[PDB]
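J.:
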Amino acid sequence: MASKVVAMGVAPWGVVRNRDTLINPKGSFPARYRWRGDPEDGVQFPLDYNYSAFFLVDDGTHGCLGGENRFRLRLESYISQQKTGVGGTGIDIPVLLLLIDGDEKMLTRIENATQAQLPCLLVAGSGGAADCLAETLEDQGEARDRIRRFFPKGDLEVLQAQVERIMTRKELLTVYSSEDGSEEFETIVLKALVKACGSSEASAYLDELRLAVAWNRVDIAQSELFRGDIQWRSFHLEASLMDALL
Amino acid sequence: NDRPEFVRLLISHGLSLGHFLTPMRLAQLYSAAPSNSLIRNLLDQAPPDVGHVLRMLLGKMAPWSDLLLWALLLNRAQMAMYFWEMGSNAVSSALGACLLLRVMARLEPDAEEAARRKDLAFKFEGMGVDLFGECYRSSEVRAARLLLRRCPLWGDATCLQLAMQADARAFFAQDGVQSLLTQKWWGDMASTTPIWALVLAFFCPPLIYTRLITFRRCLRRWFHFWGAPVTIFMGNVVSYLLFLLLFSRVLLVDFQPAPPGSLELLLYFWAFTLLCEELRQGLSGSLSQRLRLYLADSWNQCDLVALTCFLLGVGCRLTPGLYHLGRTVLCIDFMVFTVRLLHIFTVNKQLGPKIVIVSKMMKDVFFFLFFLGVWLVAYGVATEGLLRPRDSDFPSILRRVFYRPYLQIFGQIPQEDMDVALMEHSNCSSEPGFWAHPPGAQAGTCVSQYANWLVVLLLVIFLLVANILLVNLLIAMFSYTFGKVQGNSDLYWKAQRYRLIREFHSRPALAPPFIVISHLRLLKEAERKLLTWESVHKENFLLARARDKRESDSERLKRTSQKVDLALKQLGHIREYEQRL
Amino acid sequence: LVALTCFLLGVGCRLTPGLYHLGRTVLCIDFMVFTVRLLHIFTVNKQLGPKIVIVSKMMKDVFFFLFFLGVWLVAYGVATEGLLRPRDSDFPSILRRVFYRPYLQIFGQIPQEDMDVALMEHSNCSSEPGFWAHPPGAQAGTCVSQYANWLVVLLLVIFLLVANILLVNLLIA
Amino acid sequence: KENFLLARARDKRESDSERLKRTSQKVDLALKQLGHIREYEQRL
Amino acid sequence: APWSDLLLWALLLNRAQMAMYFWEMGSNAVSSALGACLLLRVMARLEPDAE
Ligand SMILES: [Ca+2]
Ligand SMILES: [Ca+2]
């Protein structure tokens, strides 16, 4: 309203209310969804109305959680390996995952994503499953695992093994410094993106450059993108220069 | 306990204000007024019982808003700023806060608490100006059209009305407000039309249909041209000048004891038309509230005084035995109208602030009149006692005491009426001593010459004091006043521009003398979206300001000092670790 | 260019048999223009250079003060002329007593004998009702009404104050 | 022109604000390295 | 020389920093600076914004 940004929904098929209103084999171009029903249950939930598109994963269940983690992770990974149109003539579309609190299942999700080589960002003070990893990155470990997370599963050393596995690939995880209500992390996103690439081919770093241009993180771009490691060509920077001028 | 940073921190960490604030809680907050504070006095004079006090102050004509009002009333700067930072109507709230703070400050007796209130009002006005500047930069149409020309819940009055009441000239001084005002001032015509082009087209109505003026089509164009407030202003200026010319003609030539002539009747009709126009302005600009608003404008007061004097003059002249009194009061009324003519100079940037300068210098003239009255009484009584003139008639005494020295201030020094060496000695009166016969008509038949050197000495001292010391004291006051309102000349002119545009935007399209026919003719989700857009831009503005603050030298120094303290602590820790192993 | 055009017009007018006076007048004005033009040479000196710019800028302030003074003079002069009711009432004389006389009053030329009635000898001037006085001034009207003369003196006092101090010092500021 | 610009940039680099910024970032790097060496010592 | 054109564009659009940068690597430094001052003053006197 203050203006483009698009919101995409990925929810299990089975926790959405009034499903029968959304069944049509011959086509459902029109549809009316009752998203303000009086009854309320802990299983079924109403769809939001601010999202431009929805994805309902069907796992053959009448209600549950975690049935979309695998599909969501696969989709994110595929996006991470896709160009921004024009076939291969475009450039890779950056991707990352933002973590805010969670539980043991959320920690497993983070571990799977990291093993998929997708950047993840954690926010300090969110709560369990997010602050614990932030503290681990900043750094007793067992005591913290029991403290920052509820008693259940705390004794389970599988949590310790998961934390160790996360640390094994800390190159992707990045903590969010609140900095007393900083409310500014574009630089953090760029830093995560640059530290999550490593390899310098000058053809996969264009997207980070375009993001930096879109923002005012010139210092970040100079420090990493134009640190001399990468072999920037002439035609490479034409579009970025035009954008910066405009 | 007025802990601004701490309250911000507490609210930041997951505290629901809506579920927190309660009528009892708010009552306690207001009861936290400091001892015998101004707000405490107002509350006692008037449950929180806060609506009545606000209606009394302003005129009566979401927890965040309530907390903001409470902070403003108790004069807590930081908490008020924080509450405004996360309000609903950012610009309207800022202007309303400035208004309320200025009113309370002018009403406060502390003389230093008033200073703090005025400073807080200035800060709020600056914040509102910056926020609206950003809003205008983002989208001129949205901000201009909707944000300003909207009646909020604060007082059910447009933001511009709040700015005018608060005298927030800095607000009127920005680009968006002035662009909107100019667009209104030129109506449907292009704001870039040359002034000379408009003036030339005014006297050649057919010419408007050419490329000279930039905007069936014929009638639309004609009404657009003649309905534009600028054209109405030019027409009213012409008609007012013609009215003054007619008034002077009648007064100087056509005024006779005989019954009124044709020109005098035309003047009466013209004055009646002006009276009808002023009545329309008062009655359509809550009848008592509208009347009070109308009378609150100085120009309207001048118009009423002029019309009342004119009515009295006409009545007196029509009476068989009051012709001279009627003529005199009409002369004074003409003077009043001519002074009223100054209102039109506000349209020009160079002449705009000069009206304010003159108005302010009038007070200095008043105080200098106090001083000069004291000094004139002293000197005049002394001289009159010394001379002992034999006329001694009370009007003559008042003349020689007050009037004559007053002219002496302006180079009119009647030596022949005071010096005795310049007068022929004569045996005037049987009283003992010597007497002289001044040649002046109102200088007394004959004055005593006993101690005349003292009269000349007093004349010398009076010339010195009056003509230099006091006159230049007054001139120094004038210079100080001028300098005070010279660095802000633009702000004053912008405020006057707004007042003029508002006045002429709601006036009949016809000039006074013909305005009789015009008088006879007289006889939502969008707001949600607009407020969300405003709030988004407010958040951007605050974020940018905080980013700038973080990059300040003092902040960098503080951050690096604390960080290096952490580094030193870690260095000690690692040194101890190495020592152990 | 202005100076040369005025000079040419003056020469042409004088050469004509029946325009000698007009030619002489325009030549006088042209000489004034040339003498003012003479200021251009002062720019060579550091002390006198900026003063030309200062004068040029102060001309605009004089213009605006002329606006203000015109308003105030019209007010005061019309008021006084209405109060006095001089019997000459000739249009050039009316313009004189309205604009010219107050303007000189700004500069210390206060003709009391032409306004005060205590300073004039009473006479039976005109058949109109009321009392009349005969001012001694040549262009002050043959005889003025003395009905409400204290008001004329009060207006004179107010005008002296306002003009001679407030407005003049506004211009000086 | 190049000499003038270079001199102006040199002066700017020596400004107090620039010195403060540079030393702050440099000491941030130093603190990061100190943490790195502390972790290294901890491992061994 | 593209630098002169970019400088003119920056001056017309009133982009301070970019105009300064383009001037920093122009051809006729002094003449360009004076011309830019001239053009900016003319536009400012012609502009209606007042800010
Ligand atoms: Ca990449
Ligand atoms: Ca009015």
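Protein sequence lines, in the order shown, are assigned to chains B, L, X, S and A. Those letters in the first sequence? Residues 175 to 177, 182 to 317, 328 to 434, by the entry's author numbering. Those letters in the second sequence? Residues 435 to 480, 500 to 514, 557 to 710, 766 to 835, 851 to 1088, 1115 to 1172, by the entry's author numbering. With the entry's author numbering, you'll find the third sequence wraps up at 1041, consecutive numbering, no jumps. With the entry's author numbering, you'll find the fourth sequence wraps up at 1172, consecutive numbering, no jumps. With the entry's author numbering, you'll find the fifth sequence wraps up at 607, consecutive numbering, no jumps. Using N, Cα and C, we set each Cβ at its ideal position, and we do this for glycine too.
Flag this pair as touching only if the segment 950-963 of chain X and the segment 795-812 of chain L have three or more C-beta atom pairs under 8 Å; answer yes or no.
T.: yes
J.: Which first and last residues belong to the alpha helix (DSSP H) in which residue 205 of chain B is found?
T.: For this step, residue 205 of chain B is matched to residue 27 along the first sequence. Segment: none, residue 205 of chain B is in no alpha helix (DSSP H) and carries neither H nor E.
J.: Under the DSSP definition of a beta bridge, which residues are partnered with residue 1013 of chain X?
T.: Along the third sequence, one-based indexing puts residue 1013 of chain X at 145. DSSP lists X:1000 as partners of residue 1013 of chain X.
J.: Flag this pair as yes or no: are the beta carbons of residue 1084 of chain L and residue 1073 of chain L separated by less than 8 Å?
T.: Position 519 of the second sequence holds residue 1084 of chain L. Position 508 of the second sequence holds residue 1073 of chain L. Result yes, Cβ atoms of residue 1084 of chain L and residue 1073 of chain L sit closer than 8 Å.
J.: Pairs of beta-carbons, one from the segment 1032-1047 of chain L and one from the segment 929-941 of chain L, closer than 8 Å: are there three or more?
T.: yes
J.: By Cβ distance below 6 Å, which residues in the same chain neighbour residue 982 of chain X in space, the five residues on each side in sequence not counted?
T.: Indexing the third sequence from 1 puts residue 982 of chain X at position 114. Same-chain partners within the cutoff: 1003, 1005, 1008.
J.: Sort out for me which residues DSSP pairs residue 276 of chain B with in a bridge.
T.: As a position in the first sequence, residue 276 of chain B is number 98, starting the count at 1. The partner list for residue 276 of chain B (beta bridge, DSSP) reads B:299.
J.: Could you please give the first and the last residue of the uninterrupted beta strand (DSSP E) stretch that includes residue 968 of chain X?
T.: For the purposes of this step, residue 968 of chain X is taken as the residue at position 100 of the third sequence. That residue, residue 968 of chain X, is in no beta strand (DSSP E); it is neither H nor E in DSSP.
J.: Cutting at 7 Å between CB atoms, please list the residues of its own chain near residue 827 of chain L, excluding the five before and the five after it.
T.: Numbered from 1 along the second sequence, position 277 holds the residue referred to as residue 827 of chain L. The answer, listed in chain order, is 1077, 1080.
J.: Name, going along the chain, the residues of the segment 894-923 of chain L whose beta-carbon falls closer than 8 Å to a beta-carbon of chain X.
T.: 895, 896, 897, 899, 900, 903, 904, 906, 907, 910, 915, 916, 919, 922, 923
J.: Let me make sure I understand the geometry here. Which of B:192, B:415, B:364, B:390 has the alpha-carbon closest to that of residue 279 of chain B?
T.: For the purposes of this step, residue 279 of chain B is taken as the residue at position 101 of the first sequence. Of the listed residues, the one whose Cα sits closest to residue 279 of chain B is B:364.
J.: Give me the Cβ distance between residue 1012 of chain L and residue 953 of chain L, rounded to the nearest whole Å; I'm assuming they're in contact under 8 Å.
T.: For the purposes of this step, residue 1012 of chain L is taken as residue 447 along the second sequence, with counting starting at 1. For the purposes of this step, residue 953 of chain L is taken as residue 388 along the second sequence, with counting starting at 1. About 6 Å; that satisfies the 8 Å criterion.
J.: Is there at least one Cβ from chain L nearer than 8 Å to residue 957 of chain X's Cβ?
T.: Translated into the one-based positions of the third sequence, residue 957 of chain X becomes position 89. Yes, its Cβ sits closer than 8 Å to a Cβ of chain L.
J.: Return the residue from the list X:883, X:891, X:872, X:889 that minimises the CA-CA distance to residue 905 of chain X.
T.: Residue mapping note: residue 905 of chain X aligns to position 37 of the third sequence, counting from 1. With respect to the C-alpha of residue 905 of chain X, the residue from X:883, X:891, X:872, X:889 having the closest C-alpha is X:872.
J.: Beta carbon of residue 907 of chain X, beta carbon of residue 897 of chain X: below 8 Å?
T.: Numbered from 1 along the third sequence, position 39 holds the residue referred to as residue 907 of chain X. Numbered from 1 along the third sequence, position 29 holds the residue referred to as residue 897 of chain X. It is not a contact, given that the beta carbons lie outside the stated cut-off.
J.: Scan the segment 612-693 of chain L and note each continuous alpha helix (DSSP H) run of 4 residues or more that stays entirely inside, going in chain order.
T.: 654-661, 664-667, 670-680
J.: To the nearest angstrom, how far is the alpha carbon of residue 1162 of chain L from that of residue 303 of chain B?
T.: As a working mapping, residue 1162 of chain L is identified with position 571 in the second sequence. As a working mapping, residue 303 of chain B is identified with position 125 in the first sequence. Distance between residue 1162 of chain L and residue 303 of chain B, taken at the CA atoms: about 27 Å.
J.: Under three-state DSSP, which class holds residue 304 of chain B?
T.: On the first sequence, residue 304 of chain B is found 126 positions in, with the first residue counted as 1. If DSSP states are grouped into helix, strand and coil, residue 304 of chain B belongs with coil.
J.: Pick out whichever of B:191, B:213, B:306, B:214 has its Cα sitting closest to the Cα of residue 240 of chain B.
T.: Working through the first sequence from its first residue, we reach residue 240 of chain B at position 62. Ranking the options by Cα distance to residue 240 of chain B, first place goes to B:191.
J.: Between which two residues does the alpha helix (DSSP H) holding residue 945 of chain X run?
T.: The count along the third sequence starts at 1 and reaches residue 945 of chain X at position 77. Counting along the chain, the alpha helix (DSSP H) containing residue 945 of chain X begins and ends at 917-952.
J.: What I want to know is whether the C-beta of residue 820 of chain L ends up closer than 7 Å to one or more non-hydrogen atoms of ligand 2.
T.: Position 270 of the second sequence, counted from the first residue, corresponds to residue 820 of chain L. Every heavy atom of ligand 2 is 7 Å or more from the Cβ of residue 820 of chain L, so no.
J.: Report the CB separation of residue 987 of chain X from residue 980 of chain X in whole angstroms; it is logged as a contact under 8 Å.
T.: As a working mapping, residue 987 of chain X is identified with position 119 in the third sequence. As a working mapping, residue 980 of chain X is identified with position 112 in the third sequence. At roughly 6 Å, the Cβ-Cβ gap stays under 8 Å, so residue 987 of chain X and residue 980 of chain X are in contact.
J.: Could you check the C-alpha separation between residue 1000 of chain L and residue 990 of chain L for me, to the nearest Å?
T.: In the second sequence, the residue the question calls residue 1000 of chain L occupies position 435. In the second sequence, the residue the question calls residue 990 of chain L occupies position 425. Note on geometry: alpha-carbon atoms of residue 1000 of chain L and residue 990 of chain L lie some 6 Å from one another.
J.: Measuring CB atoms only, is the segment 253-268 of chain B touching the segment 364-384 of chain B, in the sense that at least three cross pairs come out at less than 8 Å?
T.: no
J.: Under the DSSP definition of a beta bridge, which residues are partnered with residue 261 of chain B?
T.: Counting from one through the first sequence, the residue named residue 261 of chain B turns up at place 83. Beta-bridge pairing links residue 261 of chain B to B:270.
J.: Ligand 4: which residues have Cβ under 7 Å from any of its heavy atoms, chain order?
T.: In the structure on display, ligand 4 does not appear, and the ligands it does have are ligand 1 and ligand 2.
J.: Which chain S residues sit within Cβ distance under 9 Å of residue 1154 of chain L?
T.: Along the second sequence, one-based indexing puts residue 1154 of chain L at 563. Correct list: 1152, 1155, 1156, 1159.
J.: Apart from the five residues on each side of it in sequence, which residues of its chain come closer than 7 Å, Cβ to Cβ, to residue 294 of chain B?
T.: The residue labelled residue 294 of chain B in the question sits at position 116 within the first sequence. Result list for residue 294 of chain B: 251, 255, in chain order.
J.: Measuring CA to CA, which of L:930, L:783, L:567, L:468 is closest to residue 1026 of chain X?
T.: Residue 1026 of chain X sits at position 158 when you count from the first residue of the third sequence. Residue 1026 of chain X has its Cα closest to that of L:930, out of L:930, L:783, L:567, L:468.
J.: Could you pull out every residue in the same chain whose Cβ sits closer than 7 Å to the Cβ of residue 397 of chain L, ignoring the five residues on either side in sequence?
T.: In the structure displayed, chain L extends from 435 to 1172; residue 397 of chain L sits before or after that span and is not available.
J.: Can you pull the chain A neighbours of residue 673 of chain L, defined as C-beta to C-beta under 8 Å?
T.: Here residue 673 of chain L is taken as the residue at index 178 of the second sequence, counted from 1. Going along chain A in sequence order, the residues near residue 673 of chain L (Cβ under 8 Å) are 606.
J.: Am I right that residue 620 of chain L and residue 666 of chain L are in contact with their C-beta atoms under 8 Å? What's the rounded C-beta distance?
T.: The residue given as residue 620 of chain L occupies position 125 in the second sequence. The residue given as residue 666 of chain L occupies position 171 in the second sequence. Rounded, the Cβ-Cβ distance is 6 Å, consistent with contact.
J.: Would you kindly work out how many angstroms separate the C-alpha atoms of residue 357 of chain B and residue 1116 of chain L, rounded to a whole number?
T.: In the first sequence, counting from the first residue as 1, residue 357 of chain B sits at position 169. In the second sequence, counting from the first residue as 1, residue 1116 of chain L sits at position 525. Residue 357 of chain B and residue 1116 of chain L have their C-alpha atoms spaced approximately 49 Å apart.
J.: Using 8 Å as the threshold, is the C-beta distance between residue 975 of chain X and residue 945 of chain X below it?
T.: Numbered from 1 along the third sequence, position 107 holds the residue referred to as residue 975 of chain X. Numbered from 1 along the third sequence, position 77 holds the residue referred to as residue 945 of chain X. In this structure, residue 945 of chain X does not lie closer than 8 Å to residue 975 of chain X by Cβ.
J.: What's the C-alpha gap between residue 852 of chain L and residue 825 of chain L?
T.: Numbered from its first residue, the second sequence carries residue 852 of chain L at position 287. Numbered from its first residue, the second sequence carries residue 825 of chain L at position 275. Going from the Cα of residue 852 of chain L to the Cα of residue 825 of chain L covers about 18 Å.
J.: Kindly list, in the order they appear in chain A, the residues whose Cβ is closer than 8 Å to that of residue 478 of chain L.
T.: As a first step, residue 478 of chain L must be located in the second sequence, where it is residue number 44. Near residue 478 of chain L there are no residues of chain A at all, since even the closest Cβ is about 47 Å away, more than 8 Å.
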